[PDB]
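Novice: I have a structure I would like to understand better, so I am pasting it below and will then ask my questions one at a time.
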Amino acid sequence: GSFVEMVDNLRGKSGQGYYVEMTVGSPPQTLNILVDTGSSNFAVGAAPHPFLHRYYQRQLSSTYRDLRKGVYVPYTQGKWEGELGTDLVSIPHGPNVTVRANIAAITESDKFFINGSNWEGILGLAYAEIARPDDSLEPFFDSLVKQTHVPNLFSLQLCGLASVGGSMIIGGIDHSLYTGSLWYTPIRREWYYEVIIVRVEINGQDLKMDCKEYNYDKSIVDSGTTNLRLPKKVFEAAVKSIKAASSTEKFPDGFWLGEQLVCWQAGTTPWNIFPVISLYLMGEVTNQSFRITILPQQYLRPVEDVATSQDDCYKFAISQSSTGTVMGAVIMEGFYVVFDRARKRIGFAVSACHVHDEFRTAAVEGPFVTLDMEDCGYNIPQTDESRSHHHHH
Ligand SMILES: CC1(C)Cc2cc(Cl)ccc2C(N[C@@H](Cc2cscc2-c2cn[nH]c2)C(=O)O)=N1
Ligand SMILES: [Zn+2]
Ligand SMILES: [Zn+2]
Ligand SMILES: [Zn+2]
């Protein structure tokens with residue numbers, strides 16, 4: 001209700017996401033939960049694991065109700081699986097309400113929990129369509145809004161191992177967390193937080209692709225993804241351009257693949273040879289867009305290893321995708337991002353936790369007017385499995 005209580009309620013480690021405290025059950029069990037706008041389950045570690053000291057103990061919650069239904073959730077990189085139920089859930093540093101939500105108690109997992117990350121569970125903030133095992137499992141935020149008078153919106157300020165902070169404001173927008181204008185791009189379809197990129201520039205220069213290539217096969221806003229991820233053709237045009245701009249430096253191929261650090265003497269990194277990247281997002285008005293401009297300090301991420309303490313070393317945090325553009329924590333860290341589910345749009349403003357550069361600034365600017373936007377959306381080939389399923393909503 002007053003966002004002073006919700007400011008600074010996220011923590012994390014670099015490249016391991018941002019988590020918020022939540023309490024589950026009665027009496028309350030406090031757990032650190034990853035904020036993930038890329039998925040739609042609330043799932044908590046619920047059995048011992050080498051990388052957890054803490055986990056949800058269903059047997060200690062007088063309010064736990066078992067749903068007697070399993071759930072299995074494969075990723076390209078690993079998996080989690082568990083038993084569905086419901087429990088009382090509150091956010092200690094969030095709105096002053098308690099709700100009964102679905103919770104998947106993770107009983108087995110592979111490559112999901114990481115050594116040292118400090119979270120024990122994930123909060124999928126995206127829409128029911130992508131929930132597992134299907135869209136009848138109501139996601140947490142849908143329950144929150146239905147059961148309380150919490151407005152149907154939340155906003156994220158992600159402030160860039162190494163430790164990180166920021167804010168998730170639930171039910172509102174806190175004006176102390178951004179400067180300048182807030183620009184909105186429509187949510188194209190409520191499954192992921194899917195948006196439409198209409199133009200891409202690297203140091204002022206247009207990539208000049210068919211704009212559907214930018215959104216092939218979707219573009220999404222995803223706090224659960226580290227990198228900016230780009231479709232193959234786009235990723236290759238982008239690497240070409242950033243290489244061109246930085247050609248005073250001849251890096252190994254591993255670097256461009258994210259597989260190798262590149263270093264300079266401490267304090268000497270030539271930031272000026274690395275270009276800014278502007279993504280122009282479809283505006284709320286037909287024929288308008290606005291751009292979000294990313295500094296090299298967002299996509300070249302420092303990594304401290306043992307054998308080069310007097311060097312600053314960096315990993316390239318743009319990577320190739322085969323499942324569309326993903327605007328991950330790398331993009332989000334520049335910005336205050338408003339998930340306005342009520343008005344089916346996403347807002348971007350320059351964050352009050354700025355990443356600065358010597359001479360340039362991360363920016364949100366518009367309008368830019370065209371001959372449409374454009375149509376730059378891609379229509380994913382409709383499978384027979386998708387076609388057949390009935391959605392009685
Ligand atoms: C949302 C989440 C946790 C989903 C996920 C499931 C699995 Cl099994 C592995 C990695 C990830 C994963 N990967 C991120 C990296 C990341 C951001 S927060 C925690 C992670 C992570 C990396 N490995 N396991 C979690 C990515 O690919 O960019 N993100
Ligand atoms: Zn607390
Ligand atoms: Zn039917
Ligand atoms: Zn359905």
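Letters A, B, ... mark the chains of the structure tokens in the order given; residue numbers begin at 1 per chain; ligand numbers begin at 1, in order shown.
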May I ask you to write as a list in words all residues lying at most 7 Å from ligand 4, with only C-alpha atoms and all ligand atoms counted?
Specialist: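 Answer in the requested format: residues 129, 135, 136, 390, 391, 392 and 393 of chain A.
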Novice: Residues of chain A that approach ligand 1 to 8 Å or less, counting only C-alpha atoms and all ligand atoms: could you list each one with the shortest pair of atoms and its distance in Å to one decimal, rows by chain and increasing residue number, as a Markdown table?
Specialist:
| residue | atom | partner | partner_atom_place_in_ligand_line | distance |
| --- | --- | --- | --- | --- |
| A:15 | CA | ligand 1 | 17 (C) | 5.7 |
| A:16 | CA | ligand 1 | 18 (S) | 3.9 |
| A:17 | CA | ligand 1 | 18 (S) | 3.6 |
| A:18 | CA | ligand 1 | 18 (S) | 6.9 |
| A:34 | CA | ligand 1 | 18 (S) | 7.0 |
| A:36 | CA | ligand 1 | 1 (C) | 5.7 |
| A:38 | CA | ligand 1 | 1 (C) | 6.7 |
| A:39 | CA | ligand 1 | 1 (C) | 7.3 |
| A:74 | CA | ligand 1 | 8 (Cl) | 7.1 |
| A:75 | CA | ligand 1 | 8 (Cl) | 5.2 |
| A:76 | CA | ligand 1 | 8 (Cl) | 7.3 |
| A:77 | CA | ligand 1 | 9 (C) | 5.1 |
| A:78 | CA | ligand 1 | 8 (Cl) | 3.6 |
| A:79 | CA | ligand 1 | 8 (Cl) | 4.4 |
| A:80 | CA | ligand 1 | 8 (Cl) | 6.5 |
| A:109 | CA | ligand 1 | 8 (Cl) | 7.5 |
| A:110 | CA | ligand 1 | 8 (Cl) | 6.2 |
| A:111 | CA | ligand 1 | 8 (Cl) | 5.0 |
| A:112 | CA | ligand 1 | 8 (Cl) | 3.9 |
| A:113 | CA | ligand 1 | 24 (N) | 5.6 |
| A:114 | CA | ligand 1 | 24 (N) | 5.5 |
| A:117 | CA | ligand 1 | 19 (C) | 7.6 |
| A:122 | CA | ligand 1 | 3 (C) | 7.2 |
| A:223 | CA | ligand 1 | 1 (C) | 7.5 |
| A:224 | CA | ligand 1 | 1 (C) | 3.8 |
| A:225 | CA | ligand 1 | 28 (O) | 3.4 |
| A:226 | CA | ligand 1 | 28 (O) | 3.8 |
| A:227 | CA | ligand 1 | 28 (O) | 5.8 |
| A:328 | CA | ligand 1 | 28 (O) | 7.2 |
| A:329 | CA | ligand 1 | 17 (C) | 8.0 |
Novice: Write the residues of the selection above to a file with N, CA and C atoms, as a PDB file, in the first residue's frame.
Specialist:
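And here is the file that came out, part_6.pdb:
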ATOM      1  N   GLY A  15      24.236 -13.200 -11.536  1.00  0.00           N
ATOM      2  CA  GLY A  15      24.057 -14.303 -12.471  1.00  0.00           C
ATOM      3  C   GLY A  15      23.348 -15.461 -11.833  1.00  0.00           C
ATOM      4  N   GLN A  16      22.828 -15.236 -10.624  1.00  0.00           N
ATOM      5  CA  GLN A  16      21.945 -16.206  -9.959  1.00  0.00           C
ATOM      6  C   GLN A  16      20.581 -15.635  -9.533  1.00  0.00           C
ATOM      7  N   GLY A  17      20.153 -14.520 -10.112  1.00  0.00           N
ATOM      8  CA  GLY A  17      18.767 -14.071  -9.994  1.00  0.00           C
ATOM      9  C   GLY A  17      18.556 -13.268  -8.740  1.00  0.00           C
ATOM     10  N   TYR A  18      17.329 -12.781  -8.586  1.00  0.00           N
ATOM     11  CA  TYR A  18      16.915 -11.936  -7.496  1.00  0.00           C
ATOM     12  C   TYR A  18      15.833 -12.712  -6.776  1.00  0.00           C
ATOM     13  N   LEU A  34      13.203 -17.064  -5.637  1.00  0.00           N
ATOM     14  CA  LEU A  34      13.537 -16.390  -6.894  1.00  0.00           C
ATOM     15  C   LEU A  34      12.312 -15.724  -7.564  1.00  0.00           C
ATOM     16  N   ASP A  36      10.699 -14.778 -10.826  1.00  0.00           N
ATOM     17  CA  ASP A  36      10.810 -15.285 -12.205  1.00  0.00           C
ATOM     18  C   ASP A  36       9.599 -14.909 -13.048  1.00  0.00           C
ATOM     19  N   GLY A  38       9.531 -15.267 -16.088  1.00  0.00           N
ATOM     20  CA  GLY A  38       9.495 -16.278 -17.187  1.00  0.00           C
ATOM     21  C   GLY A  38       8.764 -17.614 -17.021  1.00  0.00           C
ATOM     22  N   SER A  39       8.097 -17.798 -15.880  1.00  0.00           N
ATOM     23  CA  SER A  39       7.418 -19.076 -15.607  1.00  0.00           C
ATOM     24  C   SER A  39       6.217 -18.763 -14.718  1.00  0.00           C
ATOM     25  N   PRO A  74      10.466 -30.135 -16.833  1.00  0.00           N
ATOM     26  CA  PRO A  74      11.726 -30.257 -17.570  1.00  0.00           C
ATOM     27  C   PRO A  74      12.184 -28.915 -18.099  1.00  0.00           C
ATOM     28  N   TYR A  75      13.478 -28.630 -17.982  1.00  0.00           N
ATOM     29  CA  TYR A  75      14.083 -27.496 -18.677  1.00  0.00           C
ATOM     30  C   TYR A  75      15.125 -28.053 -19.668  1.00  0.00           C
ATOM     31  N   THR A  76      15.634 -27.196 -20.544  1.00  0.00           N
ATOM     32  CA  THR A  76      16.606 -27.646 -21.519  1.00  0.00           C
ATOM     33  C   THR A  76      17.839 -28.058 -20.721  1.00  0.00           C
ATOM     34  N   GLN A  77      18.034 -27.375 -19.580  1.00  0.00           N
ATOM     35  CA  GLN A  77      19.206 -27.424 -18.675  1.00  0.00           C
ATOM     36  C   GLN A  77      19.114 -28.271 -17.380  1.00  0.00           C
ATOM     37  N   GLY A  78      18.000 -28.970 -17.149  1.00  0.00           N
ATOM     38  CA  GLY A  78      17.774 -29.609 -15.864  1.00  0.00           C
ATOM     39  C   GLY A  78      16.307 -29.842 -15.670  1.00  0.00           C
ATOM     40  N   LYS A  79      15.874 -30.065 -14.420  1.00  0.00           N
ATOM     41  CA  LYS A  79      14.427 -30.277 -14.179  1.00  0.00           C
ATOM     42  C   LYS A  79      14.100 -30.092 -12.694  1.00  0.00           C
ATOM     43  N   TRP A  80      12.834 -29.890 -12.376  1.00  0.00           N
ATOM     44  CA  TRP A  80      12.355 -30.067 -10.993  1.00  0.00           C
ATOM     45  C   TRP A  80      11.064 -30.868 -11.037  1.00  0.00           C
ATOM     46  N   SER A 109      15.187 -32.763  -7.996  1.00  0.00           N
ATOM     47  CA  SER A 109      15.593 -31.783  -8.991  1.00  0.00           C
ATOM     48  C   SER A 109      16.966 -32.058  -9.561  1.00  0.00           C
ATOM     49  N   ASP A 110      17.226 -31.544 -10.761  1.00  0.00           N
ATOM     50  CA  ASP A 110      18.569 -31.684 -11.387  1.00  0.00           C
ATOM     51  C   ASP A 110      18.988 -30.323 -11.923  1.00  0.00           C
ATOM     52  N   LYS A 111      20.173 -29.824 -11.517  1.00  0.00           N
ATOM     53  CA  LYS A 111      20.746 -28.578 -12.079  1.00  0.00           C
ATOM     54  C   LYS A 111      19.877 -27.352 -11.887  1.00  0.00           C
ATOM     55  N   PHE A 112      18.948 -27.464 -10.943  1.00  0.00           N
ATOM     56  CA  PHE A 112      18.028 -26.358 -10.637  1.00  0.00           C
ATOM     57  C   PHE A 112      18.553 -25.454  -9.529  1.00  0.00           C
ATOM     58  N   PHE A 113      18.793 -26.027  -8.330  1.00  0.00           N
ATOM     59  CA  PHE A 113      19.429 -25.294  -7.230  1.00  0.00           C
ATOM     60  C   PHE A 113      20.931 -25.179  -7.527  1.00  0.00           C
ATOM     61  N   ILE A 114      21.524 -24.030  -7.310  1.00  0.00           N
ATOM     62  CA  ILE A 114      22.950 -23.902  -7.566  1.00  0.00           C
ATOM     63  C   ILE A 114      23.733 -23.685  -6.268  1.00  0.00           C
ATOM     64  N   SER A 117      23.615 -19.925  -4.078  1.00  0.00           N
ATOM     65  CA  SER A 117      22.735 -18.870  -4.648  1.00  0.00           C
ATOM     66  C   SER A 117      21.851 -18.113  -3.612  1.00  0.00           C
ATOM     67  N   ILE A 122      11.040 -20.857  -6.304  1.00  0.00           N
ATOM     68  CA  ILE A 122      10.849 -19.912  -7.397  1.00  0.00           C
ATOM     69  C   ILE A 122       9.379 -19.418  -7.388  1.00  0.00           C
ATOM     70  N   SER A 223      12.938 -11.904 -15.844  1.00  0.00           N
ATOM     71  CA  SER A 223      13.859 -11.814 -14.703  1.00  0.00           C
ATOM     72  C   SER A 223      14.575 -13.074 -14.267  1.00  0.00           C
ATOM     73  N   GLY A 224      14.111 -14.221 -14.747  1.00  0.00           N
ATOM     74  CA  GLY A 224      14.740 -15.514 -14.434  1.00  0.00           C
ATOM     75  C   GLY A 224      15.867 -15.915 -15.401  1.00  0.00           C
ATOM     76  N   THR A 225      16.155 -15.061 -16.390  1.00  0.00           N
ATOM     77  CA  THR A 225      17.187 -15.332 -17.381  1.00  0.00           C
ATOM     78  C   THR A 225      18.283 -14.283 -17.125  1.00  0.00           C
ATOM     79  N   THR A 226      19.537 -14.717 -17.174  1.00  0.00           N
ATOM     80  CA  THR A 226      20.647 -13.847 -16.965  1.00  0.00           C
ATOM     81  C   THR A 226      20.877 -12.889 -18.147  1.00  0.00           C
ATOM     82  N   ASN A 227      21.069 -13.449 -19.356  1.00  0.00           N
ATOM     83  CA  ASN A 227      21.632 -12.742 -20.511  1.00  0.00           C
ATOM     84  C   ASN A 227      20.550 -12.028 -21.313  1.00  0.00           C
ATOM     85  N   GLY A 328      16.670 -10.444 -20.415  1.00  0.00           N
ATOM     86  CA  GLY A 328      16.970 -11.045 -19.118  1.00  0.00           C
ATOM     87  C   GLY A 328      17.523  -9.969 -18.191  1.00  0.00           C
ATOM     88  N   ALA A 329      18.120 -10.437 -17.118  1.00  0.00           N
ATOM     89  CA  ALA A 329      18.481  -9.561 -15.991  1.00  0.00           C
ATOM     90  C   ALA A 329      19.443  -8.490 -16.450  1.00  0.00           C
TER      91      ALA A 329
END
Novice: Using only C-alpha atoms, determine which residues lie at most 10 Å from residue 60 of chain A, disregarding the query and same-chain residues fewer than 5 positions distant; provide the list as a ChimeraX atom specification.
Specialist: /A:25-29
Novice: Using N, CA and C atoms, can you write the selected residues to a file as a PDB file, in the first residue's frame?
Specialist:
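Below you can see again-v1.pdb, which holds the result:
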ATOM      1  N   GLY A  25       2.929 -21.286   5.079  1.00  0.00           N
ATOM      2  CA  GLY A  25       2.445 -22.189   6.110  1.00  0.00           C
ATOM      3  C   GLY A  25       2.227 -21.514   7.419  1.00  0.00           C
ATOM      4  N   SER A  26       1.744 -22.332   8.331  1.00  0.00           N
ATOM      5  CA  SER A  26       1.345 -21.845   9.621  1.00  0.00           C
ATOM      6  C   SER A  26       1.716 -22.944  10.598  1.00  0.00           C
ATOM      7  N   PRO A  27       2.633 -22.661  11.545  1.00  0.00           N
ATOM      8  CA  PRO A  27       3.337 -21.381  11.718  1.00  0.00           C
ATOM      9  C   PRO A  27       4.235 -21.051  10.510  1.00  0.00           C
ATOM     10  N   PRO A  28       4.533 -19.754  10.294  1.00  0.00           N
ATOM     11  CA  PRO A  28       5.224 -19.333   9.063  1.00  0.00           C
ATOM     12  C   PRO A  28       6.647 -19.905   8.912  1.00  0.00           C
ATOM     13  N   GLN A  29       6.960 -20.435   7.738  1.00  0.00           N
ATOM     14  CA  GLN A  29       8.316 -20.825   7.408  1.00  0.00           C
ATOM     15  C   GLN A  29       8.877 -19.825   6.367  1.00  0.00           C
TER      16      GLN A  29
END
Novice: Which residues are close to segment 177-184 of chain A, i.e. within 7 Å by only C-alpha atoms, leaving aside same-chain residues fewer than 3 positions away? Reply as a ChimeraX atom specification.
Specialist: /A:174,283-284,336,345-352
Novice: Limited to N, CA and C atoms, could you put the picked residues into a file as a CSV table (one decimal), in the first residue's frame?
Specialist:
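The result, stored in result-v4.csv:
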chain,number,residue,atom,x,y,z
A,174,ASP,N,6.4,2.8,-7.5
A,174,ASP,CA,7.0,3.7,-6.6
A,174,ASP,C,7.9,4.7,-7.4
A,283,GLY,N,5.0,0.9,-29.3
A,283,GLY,CA,4.4,1.8,-28.4
A,283,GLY,C,2.9,1.5,-28.3
A,284,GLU,N,2.2,2.1,-27.3
A,284,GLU,CA,0.8,1.9,-27.1
A,284,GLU,C,0.0,2.5,-28.3
A,336,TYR,N,13.6,0.5,-14.5
A,336,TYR,CA,12.5,0.1,-13.6
A,336,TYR,C,11.5,-0.4,-14.5
A,345,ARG,N,0.2,-4.2,-20.4
A,345,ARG,CA,1.3,-3.5,-21.0
A,345,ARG,C,2.5,-3.6,-20.0
A,346,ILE,N,3.7,-3.3,-20.5
A,346,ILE,CA,4.9,-3.3,-19.7
A,346,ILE,C,5.6,-1.9,-19.8
A,347,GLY,N,5.9,-1.3,-18.7
A,347,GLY,CA,6.5,0.1,-18.7
A,347,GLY,C,8.0,0.0,-18.4
A,348,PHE,N,8.7,0.9,-19.0
A,348,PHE,CA,10.2,1.0,-18.8
A,348,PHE,C,10.5,2.4,-18.4
A,349,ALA,N,11.2,2.6,-17.4
A,349,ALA,CA,11.8,3.9,-17.1
A,349,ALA,C,13.3,3.7,-16.7
A,350,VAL,N,14.1,4.7,-16.7
A,350,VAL,CA,15.5,4.7,-16.3
A,350,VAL,C,15.5,4.4,-14.8
A,351,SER,N,16.2,3.4,-14.3
A,351,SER,CA,16.2,3.1,-12.9
A,351,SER,C,17.0,4.2,-12.1
A,352,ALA,N,16.5,4.4,-10.9
A,352,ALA,CA,17.3,5.2,-9.9
A,352,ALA,C,18.6,4.5,-9.5
Novice: Listing only residues of chain A within 7 Å of ligand 2, what is the closest atom pair and its distance in Å (to one decimal) for each, using only C-alpha atoms and all ligand atoms, sorted by chain and residue number ascending, as a Markdown table?
Specialist:
| residue | atom | partner | partner_atom_place_in_ligand_line | distance |
| --- | --- | --- | --- | --- |
| A:21 | CA | ligand 2 | 1 (Zn) | 6.4 |
| A:92 | CA | ligand 2 | 1 (Zn) | 5.9 |
| A:93 | CA | ligand 2 | 1 (Zn) | 6.2 |
Novice: Could you work out how far atom CA of residue 187 of chain A lies from atom CA of residue 370 of chain A, giving the answer in Å with one decimal?
Specialist: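 Going from atom CA of residue 370 of chain A over to atom CA of residue 187 of chain A covers 19.8 Å.
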Novice: Within 10 Å of residue 327 of chain A, counting only C-alpha atoms, which residues show up once you throw out same-chain ones fewer than 4 positions away? Write them as a list in words, please.
Specialist: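 Here the qualifying residues turn out to be residues 195, 219, 220, 221, 222, 223, 224, 225, 226, 227, 228, 229, 230, 279, 318, 331 and 332 of chain A.
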Novice: I'd like to know which residues of segment 147-281 of chain A are alpha helix (DSSP H) (by DSSP, run on the backbone); could you write them as a ChimeraX atom specification?
Specialist: /A:147,232-245,253-256
Novice: Residues at most 8 Å from residue 207 of chain A, counting only C-alpha atoms, excluding those fewer than 4 positions away in the same chain, as a list in words?
Specialist: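 In the requested format, the answer is residues 199, 200, 201, 202, 237 and 238 of chain A.
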Novice: Could you list, as number ranges by chain, every residue within 12 Å of residue 57 of chain A, counting only C-alpha atoms and ignoring same-chain residues fewer than 3 positions away?
Specialist: A: 23-31, 44-48, 53-54, 60-64, 87, 103-107, 120
Novice: Please measure the separation of atom CA of residue 55 of chain A and atom CA of residue 148 of chain A, giving the value in Å to one decimal.
Specialist: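 One can read the atom CA of residue 55 of chain A to atom CA of residue 148 of chain A distance as 26.9 Å.
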Novice: Record the distance separating atom CA of residue 209 of chain A and atom CA of residue 231 of chain A, expressed in Å with one decimal.
Specialist: 12.0 Å
